[PDB]
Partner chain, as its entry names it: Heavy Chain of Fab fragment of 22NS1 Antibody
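Let's start with one chain on its own, the form solved without its partner chain, as structure tokens.
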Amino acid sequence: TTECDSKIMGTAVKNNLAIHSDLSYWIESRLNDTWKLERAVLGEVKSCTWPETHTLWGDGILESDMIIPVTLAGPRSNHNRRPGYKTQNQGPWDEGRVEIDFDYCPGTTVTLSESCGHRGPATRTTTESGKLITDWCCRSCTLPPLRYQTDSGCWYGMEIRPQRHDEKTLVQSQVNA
């Protein structure tokens, strides 16, 4: 356990946009009906504690609701939330640069259905051979879906699963936070 360097660290909220940022993290939460996470640019994923001194809206937080895990320098902030999503302990955190937003991966769809599997490791939309997986689902997430963008392609949040079970060479996250 340790605390992130606050030397180059800027946290600001103004005009319906809240930002938590440092040298490698840029996290944006916005007000549209309600406040929620909108974008996160993580140059490199790191492991430290985001200092409370630079944390907005940090009263009574549910750690399991923190989209970016608190162990991964995710701000202990209610801005670090999105309805229908829990902490992304099995996101593609080992891919290097990782960008999070809430939007569909190109060529794919996501459907709310009770017939969907549980939260699992984040899955890339393209197989090893580059084949696209088009049909996805989630049990109780909200739309637009949680999306990851790394150097190898586009991924979905833990809540979003491929709804076909004959998917073979699936590329998934192997990390556990």
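Numbering follows the first chain given and starts at 1.
Below, we refer to the form deposited with its partner chain bound, which is not included among the displayed structures.
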**OP:** Counting non-hydrogen atoms within 4.5 angstroms of its partner chain in the entry with it bound, say which of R39, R139, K131, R30 makes the cut.
**Re:** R139
Original post:
41-49, 56-64, 123-131, 144-152: which one contacts its partner chain in the entry with it bound at 4.5 Å, heavy atom to heavy atom?
Top reply: 56-64
Original post:
Should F102 be classed as touching its partner chain in the entry with it bound when contacts are defined as heavy atoms within 4.5 Å?
Top reply: no
**OP:** Find out whether any non-hydrogen atom of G96 is located within 4.5 angstroms of its partner chain in the entry with it bound, and reply yes or no.
**Re:** no
Original post:
Given that the partner is absent here, does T1 sit within 4.5 Å of its partner chain in the entry with it bound, heavy atoms only?
Top reply: no
**OP:** Give a yes or no for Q174: in the entry with it bound, does one of its heavy atoms lie within 4.5 Å of a heavy atom belonging to its partner chain?
**Re:** no
Original post:
Which residues, if any, of 87-107 lie within 4.5 Å of its partner chain in the entry with it bound when only heavy atoms count?
Top reply: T87, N89, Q90
